[PDB]
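Breakdown of the fold
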Amino acid sequence: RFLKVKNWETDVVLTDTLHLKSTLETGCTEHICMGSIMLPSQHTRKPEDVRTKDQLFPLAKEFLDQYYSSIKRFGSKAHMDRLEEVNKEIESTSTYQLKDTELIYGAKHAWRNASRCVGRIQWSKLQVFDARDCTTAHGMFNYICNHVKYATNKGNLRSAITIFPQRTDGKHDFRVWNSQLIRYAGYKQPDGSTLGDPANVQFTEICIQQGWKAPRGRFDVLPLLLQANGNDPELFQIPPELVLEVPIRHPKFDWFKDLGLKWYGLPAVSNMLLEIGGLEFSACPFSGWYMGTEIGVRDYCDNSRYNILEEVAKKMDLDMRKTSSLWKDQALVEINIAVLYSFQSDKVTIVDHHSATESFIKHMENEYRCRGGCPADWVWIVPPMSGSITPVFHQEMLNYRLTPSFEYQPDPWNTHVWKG
Amino acid sequence: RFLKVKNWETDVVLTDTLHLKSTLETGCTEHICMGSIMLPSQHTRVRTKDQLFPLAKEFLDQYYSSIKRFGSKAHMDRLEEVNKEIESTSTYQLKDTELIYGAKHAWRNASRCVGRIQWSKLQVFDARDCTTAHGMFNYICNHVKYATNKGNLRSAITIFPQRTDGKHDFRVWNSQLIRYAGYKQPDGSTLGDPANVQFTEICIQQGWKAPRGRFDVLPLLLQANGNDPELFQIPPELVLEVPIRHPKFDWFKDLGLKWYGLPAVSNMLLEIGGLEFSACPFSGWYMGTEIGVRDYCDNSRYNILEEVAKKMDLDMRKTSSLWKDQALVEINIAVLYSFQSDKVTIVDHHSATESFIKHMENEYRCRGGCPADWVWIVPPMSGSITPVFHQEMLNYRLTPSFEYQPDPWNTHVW
Ligand code: HEM
Ligand code: HEM
Ligand SMILES: Cc1cc(N)nc(CCc2cc(F)cc(CC[C@@H]3CCCN3)c2)c1
Ligand SMILES: Cc1cc(N)nc(CCc2cc(F)cc(CC[C@@H]3CCCN3)c2)c1
Ligand SMILES: C[C@H](O)[C@H](O)[C@H]1CNc2nc(N)[nH]c(=O)c2N1
Ligand SMILES: C[C@H](O)[C@H](O)[C@H]1CNc2nc(N)[nH]c(=O)c2N1
Ligand SMILES: [Zn+2]
């Protein structure tokens, strides 16, 4: 079966056959589309769902078939020997270890398969750091520091992922309790207002309970809370000289610097789960570089985040009485101009949403031609401002789940059995 | 099976049971989501005697429930009467009350429509007695004048006779009652609206005398009883237009932009209780972004971004100056400002999406849900600063419904 997608701006039609290799489920049915559900059950991974031999060798075999195909060795003796070796290791030890080459392939293809990621043109240039020999939270801290230094590269950002030991019985998990490696604290005040990043209040409170001495400012970089081998997590402070930040100023508005805004340069997601051949890597922080709107639209202008639209619109002296003045849209553009101006001026890698979406369309067409498709989630790919003046708005997309993959997992403070 | 949707800005959670009453199909499966396909086969559209009575029964069931007469004598009598009429005539006719209910509920069920908070105030014009294209023209002029109301726009639909054997179809060939012509210039580009180049051709290539201008109101091409379609010019005094100026940039007027007040979709199919109304033009009032973002700034449409930005003297060397985004906001300020100045009804995308969230809350509370298509509900600019961006939505197909149908010129047995 073949499936066509049309770009309604250019009339380019592409044909998807890759969806036939889709294994996991979407959450939709013929009678209901769940395409706007944020974290459906099919995109998450409960740690209690630890796999049996029963289901593991078919997942391994399918991964290894894909791997050996990509290296033009399908059906070779190396291929058959590896299948044999993995089979014996499973029935004997109930799990198996990936080779270094397989791990690198797996992590690159999990990103390649991430249908919500607009930055996938870069997928083949991922630096994979093998941390599967790590045993303690202190060792995790050291690996994460090296990831941050490497990825940051003094502003010339480089994509990277660090992969800690895989899940065994779900009782000895490695977890990074931070949602991102670098994030600002948030503090609920007694008067109900929030200081700092409202999205991080709950995690900030955990850190404080675990002994963090909170500066209680608006942009305090959170400590790392790291869990090795299923033990209680431990606190660590990232060396501040490793945390690259950018003060936000506007190229025309001199008062903008006086808002006191900054952001960090390195977006590094650390709470997702990497699935490769049925193995589950519960700690696998990865990082790239920012698209401007992630900071300028969502981080700064979501009502439930720093929420700076009013103050910016006040200082611009826009007509704030009626929404039809579009004072919110005007301030939004100026804030996003400032984010991009500030990063470029400091020579920190950033991409604007016009550039990123145009590159994604080129990536997607290439993937149709060389791979037979490119799974893509329109709801997430379209940028959160100026949607229809980017080319992805007009692009039909097919969403399906391929493995290897990144999955969501429950926050560990909800599942952890505390040792004390 | 009893599903929940969450708003991530407010944490409000709603429970949906209405989807269990879904009848048509989405195009998705458990292995693939087609949520961003413009026109799956299901959203496009002869009925045999067999499929028609269950459809009629389902519709009459929900109608008599809505008036609290489910299981009443009147209900059962109507069921058998339509049953008798289908067995006999191979179709049936709706009572006026059922027609009005069916139309309002087709709008209520339109999961892609952000304006549905207004669904119950729709003015239904019964045109089922119409027999000719001149009669269709008369009915449409009356609709346009009633709906326009000197700029105090009112929602309305006009329903022409239902499909019979599929050979006597009533169709409005225009996609909207009021749209601007488009012509392929000899110099290579496109004058007017590029979206309407084909239809503009079929007007000339059927008789129209085009002014070959940039904002020429297209004539109506009306098809009655399956005959050949006929041209009619809508009286200009009935077509309310708005010159587009900016409340700060005096040069804006020199761009020469205008738009019409009345958005009136004319090419969809209305399905009520199995019956098919192939000609059912309906109208409401614009959300500003429809004109300013899509009509004016789409690259396949009037595509004015570059010209506006040049007149603003923005740095167009690099995309990262966000000159497109700046111009886009100013264009959309001008649209709202112009309509508001001329006292023509318009809603901005902030007000409309806030209204839709309130509508969703009402529908979940009083109906058990509200089918909604996030890809279409979220506005084409400033998506995440509108509340619908953060609102999870369940998309499913309820009937009565509006459906797409093939363009007539591809189907007409000429
Ligand atoms: C290199 C530049 C990159 C850019 C510009 C980029 C951009 C984005 C953006 C804007 C999103 C939407 C998420 C949101 O709005 O919060 C996203 C999602 C995602 N990105 Fe990328 N990304 C990049 C690199 C990477 C890398 C290196 C990885 C992994 C190796 C990755 C994996 C993902 C995944 C898994 C998601 C999906 C999250 C979900 O399913 O909810 N990205 N990306
Ligand atoms: C009164 C104010 C109204 C507003 C502000 C409004 C707004 C919108 C918008 C912005 C869209 C998106 C489609 C596009 O971008 O081209 C839409 C779709 C739609 N509207 Fe409404 N509308 C209104 C009235 C009505 C009425 C009176 C009807 C029918 C009686 C209706 C039926 C529909 C349908 C069926 C669609 C979806 C077409 C599809 O499935 O692709 N609307 N509306
Ligand atoms: C690697 C990377 C690059 C880049 N430009 N941006 C990112 C962050 C995007 C991202 C990537 C990702 F994989 C997961 C998330 C979490 C999204 C949450 C879910 C609810 C609220 N938001 C976010 C990562
Ligand atoms: C009644 C009405 C009100 C309003 N504010 N806007 C409209 C027009 C919106 C609309 C409503 C509708 F039902 C159909 C269409 C045509 C869809 C095409 C196909 C892809 C691009 N557009 C458009 C109608
Ligand atoms: C409900 C809705 O799915 C949710 O708000 C989504 C919409 N699209 C998104 N797209 C991106 N890139 N990031 C997001 O967090 C979201 N949130
Ligand atoms: C391919 C994609 O579905 C297409 O561009 C859609 C996206 N969302 C839309 N949303 C609305 N309201 N109107 C549209 O025409 C579209 N076009
Ligand atoms: Zn779907």
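Residues numbered from 1 in each chain as written, not as in the entry; some residues may be left out. Chains lettered and ligands numbered in written order. Heavy atoms only, no water.

As documented in the archive entry, the model was determined using X-ray crystallography at 1.830 Å resolution.

1. With respect to the overall build of chain A
Broken down by element type, chain A carries 11 helices and 18 strands. A compact globule built from 420 residues should have a C-alpha radius of gyration of about 22 Å, and chain A, at 23 Å, falls within 12% of that. Relative to its full complement of 420 residues, chain A shows a buried share of 56%. Sequence separation of at least 24 residues holds for 69% of the intrachain contacts in chain A that already meet a minimum separation of 6. Surface exposure of chain A reaches about 17,800 Å², of which carbon and sulfur atoms provide 50%. Where the 49 positive side-chain charges of chain A centre and where its 51 negative ones centre are 3 Å apart. (Helix = DSSP H or I, 4+ residues; strand = E, 2+ residues; numbered from the N terminus. Rg over C-alpha atoms; globule rule 2.2 N^0.38 Å. Buried < 20%, exposed > 50% of the residue type's maximum accessible area, 1.4 Å probe, protein only. Contact = heavy atoms within 4.5 Å. Areas by Shrake-Rupley, 256 points an atom, 1.4 Å probe, with all protein chains shown as cover. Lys, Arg positive; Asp, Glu negative; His and termini not counted. Charge placed at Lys NZ, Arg CZ, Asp CG, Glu CD.)

2. Some thoughts on the interface of chain A and chain B
Taken residue by residue, the interface counts 64 residues in chain A and 63 residues in chain B. Note on chain A versus chain B: buried area summed over both sides is about 5,300 Å², and carbon and sulfur give 61% of it. For the pair chain A and chain B, the number of links is 0 salt bridges. Inspection of the chain A/chain B interface yields 31 residue pairs in polar contact. Those elements that place two or more of their residues in the side of chain A that touches chain B are β1 (3-6), α6 (292-301), α8 (327-345), α9 (353-371) and α10 (378-381) of chain A. Looking at the side of chain A that touches chain B element by element, the count peaks at 10 residues for α8 of chain A. Considered class by class, the residues forming the side of chain A that touches chain B number 28 nonpolar, 25 polar and 11 charged. (Buried area = accessible area lost by both parts, 1.4 Å probe. Salt bridge = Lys/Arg side-chain N within 4 Å of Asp/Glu carboxyl O. Polar contact = N/O pair within 3.5 Å; in protein donor to acceptor, adjacent residues only side chain to side chain. Nonpolar A, V, L, I, M, F, W, Y, C, P; charged D, E, K, R; others polar.)

3. Let's talk about the coordination of the iron atom of ligand 2
Protein coordination of the iron atom of ligand 2 is limited to a single donor, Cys113 of chain B (SG), positioned at 2.4 Å. Its place among the elements puts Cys113 of chain B in the loop between α3 (96-108) and β3 (123-126). (Donors = N, O, S within 2.8 Å, 3.2 Å for Na, K, Ca; no water.)

4. Some words on the pairing of strand β4 (residues 160-163) of chain A
All names here are of chain A. Side chains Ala160 and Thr162 of β4 all project onto a buried face; the interleaved residues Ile161 and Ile163 project onto the opposite face, where all are buried too. Crossover handedness for the path strand β3 (residues 127-130) to helix α4 (residues 137-152) to β4: right-handed. Taken together, the 2 bridges between β4 and strand β15 (residues 286-287) define a ladder with antiparallel strand orientation. Bridging from a neighbouring strand, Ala160 pairs with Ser287 of β15. (Right-handed = clockwise from strand over helix to strand, strands pointing away. Pairing = 2+ DSSP bridges.)

5. Things to note about the side chain of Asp377 of chain A
Structurally, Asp377 of chain A is set in the loop between α9 and α10. Apart from residues no more than four positions distant in its own chain, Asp377 of chain A is found in contact with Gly35, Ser115, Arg116, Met397 and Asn399 of chain A.

6. Points about helix α5 (residues 201-209) of chain A
Count 3.6 residues to each turn of an α-helix, and residues three or four apart come out pointing the same way. Within α5 of chain A, the full set of buried residues consists of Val201, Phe203, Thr204, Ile206 and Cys207 of chain A. Buried residues along α5 of chain A sit in contact with β6 (186-188), β7 (194-196), β8 (224-227), β9 (234-236) and α11 (412-415) of chain A.

7. A few points about the nonpolar core
Grouped together as the largest cluster of nonpolar side chains are 125 residues, with contacts concentrated most on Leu226, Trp263 and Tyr300 of chain A together with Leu222, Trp259 and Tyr296 of chain B. Apart from the residues within four sequence positions on either side, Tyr296 of chain B is in contact with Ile244, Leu257, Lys258, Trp259, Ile291, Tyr302, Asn303, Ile304, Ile331 and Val335 of chain B. Core analysis: the second largest hydrophobic core is formed by 58 residues, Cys33, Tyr368 and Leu402 of chain A together with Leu3 of chain B among them. (Core = buried A, V, L, I, M, F, W, Y, C linked by side-chain atoms within 4.5 Å.)

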